[PDB]
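Novice: Got a structure for you, written out below as structure tokens; questions coming shortly.
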Amino acid sequence: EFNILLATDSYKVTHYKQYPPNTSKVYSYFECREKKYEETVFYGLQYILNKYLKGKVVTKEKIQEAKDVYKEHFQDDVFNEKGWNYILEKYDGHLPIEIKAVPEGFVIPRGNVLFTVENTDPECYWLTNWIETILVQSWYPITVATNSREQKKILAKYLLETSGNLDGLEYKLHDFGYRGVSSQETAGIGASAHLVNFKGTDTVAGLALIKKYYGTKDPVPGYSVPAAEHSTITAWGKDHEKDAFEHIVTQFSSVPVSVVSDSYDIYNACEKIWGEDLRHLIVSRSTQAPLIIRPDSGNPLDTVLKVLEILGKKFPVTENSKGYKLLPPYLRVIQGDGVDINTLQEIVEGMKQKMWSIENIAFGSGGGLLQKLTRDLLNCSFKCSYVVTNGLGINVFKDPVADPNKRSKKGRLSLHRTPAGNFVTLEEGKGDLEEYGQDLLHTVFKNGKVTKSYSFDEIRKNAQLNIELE
Amino acid sequence: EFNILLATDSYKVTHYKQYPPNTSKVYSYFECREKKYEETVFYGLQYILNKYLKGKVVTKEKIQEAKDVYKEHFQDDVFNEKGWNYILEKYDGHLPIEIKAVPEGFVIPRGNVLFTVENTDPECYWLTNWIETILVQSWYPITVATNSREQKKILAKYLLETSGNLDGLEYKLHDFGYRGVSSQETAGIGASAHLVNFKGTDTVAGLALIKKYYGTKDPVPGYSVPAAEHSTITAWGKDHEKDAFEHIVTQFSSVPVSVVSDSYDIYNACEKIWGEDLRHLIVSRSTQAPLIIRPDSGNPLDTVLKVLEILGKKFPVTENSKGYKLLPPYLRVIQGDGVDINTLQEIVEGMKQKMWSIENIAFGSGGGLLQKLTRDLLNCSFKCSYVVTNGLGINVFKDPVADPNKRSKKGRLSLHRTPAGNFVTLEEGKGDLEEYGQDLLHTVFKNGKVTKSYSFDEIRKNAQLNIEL
Ligand SMILES: O=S1(=O)NC(NCc2ccc(S(=O)(=O)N3CCC(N4CCCC4)CC3)cc2)=Nc2ccncc21
Ligand SMILES: O=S1(=O)NC(NCc2ccc(S(=O)(=O)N3CCC(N4CCCC4)CC3)cc2)=Nc2ccncc21
């Protein structure tokens, strides 16, 4: 049983007592604050709204549990029982909050308002920032989605250059991060964010999250194929690596199959086992069912280059229309070790320099894709910008002397299209002057109800690359 | 509805067809592989066992769901329905797996076996590595707990050097990481791992996790106190920062309270607002209810030093018995911005060089404590070391030519004390020779039941620093 009264930073329990007396409105906003990563993919809030914020989230039992925990945690009575009982009694435990947000999947430059939060009942001035902690966790799917999309830009550039098209782009970066993230819940959230940009995942948890909270016309949003792990090779004994290979590719003779080849000696496995002993089992495979050789250790770029060099001398290589070398269609490579946005760039650039098409390879990333990210990468941040006290609205902000990068926006915010068609955030309620057309934010939550939502297919369309669009 | 059949890496669905035929046993182990962070706190497996692995985790409905999803995900029928049905029918859907583990809270050098996993029924040879993905997520609480203990070591060394004792050590690094982690579940797991070493947290999700899965004699494992955030200051308006401060310290006159002081100009706030205009409300406070001034921007060390210098000129400083300067007891500082293990060390060393006692300060860490960590930090890894095929045991391993650091251990494993009282992992079943006393791994899970558990109190005892001891 999740309890929203226990889902905040401890000190926020004490804040109701700290605002100016007679404050009736607290209005706050989220941005990826300006400080690469010039634009962000807005994704993930719809999950939070539905799983944690909508409907009857306050009960008499949840109030008593919070009172009991906070009494001990603070060694004192500081919990706002009265305020939460008000919500329970007046709104049948539905939050009197309104959230406006940019559509999911939207790609927006840094430093723009992405969502706003305000209370809808003056008695609940304290509630806006109570839920800061839970809403700010949107940084994670935004950040995964964004960093995944930045890797797609890299892959698109180099695939276009070396092959002349983008065929298969959406399967070039596979999610291997299930084991490397910090929890099951994170696994589903992060896997779903990667699927905004790609279709290949081993993180099965993402599929159910998307089905429940977003939806796709297709039965599932992402796909995989059979593959070995080191245990299914090493179990055969060190002298029987050939036997394991032969067994695995025969068991999966008619579908694609990846086979990890570096248990003992990747270069031997490629040149002597695959390239000589078992070559007859590879060159007979369908283009729809290639063997995908998997190195998994050594310098990522050097190992890929050396594997391709070996395979190129044992198998028939062609020269595609762009002048780049291409393995036969029954043979590919996957690099699933040490991949993050930086090493991905190094590997594709290294391949290009050695005249190997990016058609030859795909990448898997795990920790780099889903875990090695923090809230500082995009400076995702929630701040109060407007309050009403004693009936007077006031524009508020922070502006720390030693760090102008932490300055926050002032007053009521709105998001607009500029005359050149770009985004701009207007501060101080200036959107009301109607000089920049309509506010692009939409009301997505009001008074315990989700009022606007997006399918996963729409989110993917919104998050497309300009090259894909053109 | 969590479904263990859908809680693995997709490719593991296909592995049952890949092992050698006539394989009746797959035995695997977890270590924090050797390649800084020389020892690790084993913590978190009991959570995973209870939440996800115990009891009736296979049902007819879960089998059908898995079958339906994998048909679409693979665009093919490759799911082992027959093996999952067997578990359902023979064992009432309980997992035929035995897991042996070092006790939680144990502090073990890198490169040692921490737990092992094996199937208890020959038909379920494939199940040992099915649950790799879920068990390997133990890397996270191990790493949080380990990194938090390493920070407690730094604080202990500097507190002892500048003050002569460890009083309040367990409150010197507070968890501010709730907003900065990737999910609610991570929050609870990560906050609980930090609580192995400290008692201060704002990540309330940790408390419920510990109560449900571990348990403490005391009502709760962690504590906090009132504090401002920027909104409760800025809401007053720029010209009314002093009004906000005055209001807040008066609301919380008799308990400790932290007050963020950098909304506009931290140095002004310290020297003029706290140091002059509101000084009379500070110097009257109880030593049990100090004001804790919070800077939150700028270079973390330079800002701490400048704040201490400002305060030291507006308030009565003493020199403690070690020669270090000490604010009056009603006034302390908390640095909650930019703290990780590296910057923590820089700040305390900077303070020591400027003759400020670590008694003066506490630290809060959020993303650095709970998010900015990966499975590569301690090389937490799960590998098969032993199989039985055709009734013959075979010791198996990887040893990639280009990276000896990824070599794995061979055979059946056990963990022992050495004659000097250190730890050693015996390979190749050599523990059976009984030359090294009893195995320190204990059966913690077998055939769907959790067989040995630890209280959070025991875990804390096991994870103590030697200096505490
Ligand atoms: O490398 S693994 O052993 N594989 C794996 N899953 C199988 C796999 C194999 C091949 C590719 S691929 O990207 O080459 N790929 C996917 C899509 C492609 N086609 C499918 C649609 C059109 C292109 C087939 C090949 C992607 C994924 N999981 C792992 C998890 C953790 N570590 C390692 C691995
Ligand atoms: O800085 S905050 O505004 N505070 C806060 N919680 C209050 C707080 C205040 C002071 C200390 S402390 O370490 O000084 N401390 C002193 C008193 C307490 N006593 C418990 C027994 C002995 C000391 C221990 C914790 C720790 C924690 N939460 C935040 C969350 C996110 N960012 C910032 C903050």
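So for chain B, numbering is Swiss-Prot's, and the shown residues are 8-42, 53-486, in order.
So how was this one determined? The header says X-ray crystallography, 1.5 Å.
Each Cβ is built from the backbone N, Cα and C atoms, and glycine gets one as well.
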Novice: Going by Swiss-Prot, B:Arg311, B:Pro312, B:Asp313, B:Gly353, B:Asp354, B:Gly384, B:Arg392 bind beta-nicotinamide D-ribonucleotide; tell me which of B:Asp184, B:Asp219, B:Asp235, B:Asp474 is listed for that site too.
Specialist: B:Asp219
Novice: For which of B:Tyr103, B:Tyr142, B:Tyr188 does Swiss-Prot record the feature phosphotyrosine?
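Specialist: Checking Swiss-Prot against B:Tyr103, B:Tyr142, B:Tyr188, the phosphotyrosine entry points to B:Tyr188.
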Novice: According to Swiss-Prot, one residue among B:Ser275, B:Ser301, B:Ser472 carries the annotation phosphoserine; which one is it?
Specialist: B:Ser472
Novice: Does B:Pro312 (beta-nicotinamide D-ribonucleotide binding site) have same-chain partners at least 6 apart in sequence with Cβ under 8 Å from its own Cβ, and which are they?
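Specialist: Same-chain residues close to B:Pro312 (beta-nicotinamide D-ribonucleotide binding site) (Cβ under 8 Å, separated by 6 or more) are B:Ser278, B:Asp279, B:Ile283, B:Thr320, B:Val321, B:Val324, B:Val350, B:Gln352, B:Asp354.
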Novice: If you measure from the C-alpha of B:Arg311 (diphosphate binding site), which of the recorded positions B:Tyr188, B:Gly353, B:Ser472 fall inside 10 Å?
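Specialist: Checking Cα-Cα distances against B:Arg311 (diphosphate binding site), the recorded positions within 10 Å turn out to be B:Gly353.
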Novice: Would you mind pulling the DSSP three-state label for B:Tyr188 (phosphotyrosine)?
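Specialist: B:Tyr188 (phosphotyrosine) sits in a helix per DSSP.
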Novice: Compare the Cα of B:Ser472 (phosphoserine) against each of the binding-site residues B:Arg196, B:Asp219, B:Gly353, B:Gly384 and report the nearest.
Specialist: B:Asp219
Novice: Near chain A: which of the binding-site residues B:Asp219, B:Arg311, B:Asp354, B:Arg392 have their Cβ closer than 8 Å to one of its Cβ atoms?
Specialist: B:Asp219, B:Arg392
Novice: Report the binding-site residues (B:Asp219, B:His247, B:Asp313, B:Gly353) that meet this criterion: Cβ distance to the nearest atom of ligand 1 under 6 Å. Use sequence order and write none if nothing qualifies.
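Specialist: Passing the 6 Å Cβ check against ligand 1: none.
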Novice: On a count of neighbouring CB atoms within 10 A, which of the binding-site residues B:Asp219, B:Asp313, B:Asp354 is highest?
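Specialist: The residue with the densest Cβ neighbourhood is B:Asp219.
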Novice: Among the binding-site residues listed here, B:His247, B:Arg392, which has the most company in the form of other Cβ atoms within 10 Å of its Cβ?
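Specialist: Counting Cβ neighbours within 10 Å, the top one is B:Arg392.
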Novice: So which of B:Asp219, B:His247, B:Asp313, B:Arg392, listed as binding-site residues, have a Cβ under 6 Å from an atom of ligand 2?
Specialist: B:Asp219
